[PDB]
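What follows is a set of notes on a single structure, which appears directly below.
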Amino acid sequence: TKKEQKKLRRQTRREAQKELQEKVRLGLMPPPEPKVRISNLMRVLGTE
RNA sequence: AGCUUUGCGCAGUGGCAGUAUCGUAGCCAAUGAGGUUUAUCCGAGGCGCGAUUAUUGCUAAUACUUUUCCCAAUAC
């Protein structure tokens with residue numbers, strides 16, 4: 001069903017992101033960088 | 001051999017709103033949920049409960065003194 005498909009997709013995404021965050025918690029993958037863009041150039045790296 | 005439609009995944013680029021998002025070994029539901037209008041007509045979720053910054057994670061802001069050397073005859 002549409003609800004079952006959406007539920008399956010959501011569970012898969014949550015499992016993937018939870019495993020990724022556990023990997024980040026255990027040094028296997030360095031912590032994510034802020035997603036800087038042109039509009040983000042001055043909120044993240046203003047002084048720089 | 002291109003063109004193109006539908007649904008589903010993975011992404012990328014955006015825009016919009018935080019009075020909403022999610023859960024449902026709880027209950028009911030196309031053998032019909034819900035019906036205010038269009039009712040011899042429409043046609044799906046609804047109720048109860050639970051979590052919460054009205055989804056959830058991170059990142060950052062909120063500091064200096066241990067050590068270690070010393071005075072002396074060309075003489076009764």
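Just so you know, all these numbers are worked out from the coordinates, no wet-lab data involved. Cβ: placed from backbone, ideal geometry, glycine included. Neighbour counts: every protein chain shown.
Treating each Cα of chain A as an identical point scatterer and summing with the Debye formula, the log10 of I(q)/I(0) at q = 0.17, 0.19, 0.26, 0.32 Å⁻¹ comes to -0.73, -0.76, -0.85, -1.03. A Cβ-based charge dipole, computed about the Cα centre of chain A with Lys and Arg at +1 and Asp and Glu at -1, lands at about 520 debye. Taking each residue as 0.36 nm, the span from A:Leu41 to A:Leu28 lengthens on full extension beyond its C-alpha to C-alpha distance by 1.9 nm. If exposed trypsin sites (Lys or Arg not before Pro) are those in a DSSP loop with at most 11 other Cβ within 10 Å, what is the longest stretch of chain A that has none? Longest stretch, sites excluded: A:1-34.
Using Cα atoms only, what is the angle between the long axis of helix A:2-25 and the major principal axis of chain A, expressed in degrees (0 to 90) to the nearest 10? The answer is roughly 50 degrees. Compute the signed sum of charges (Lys and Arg +1, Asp and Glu -1) over the other residues within less than 13 Å, Cβ to Cβ, of A:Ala16. Net charge around A:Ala16: +3.
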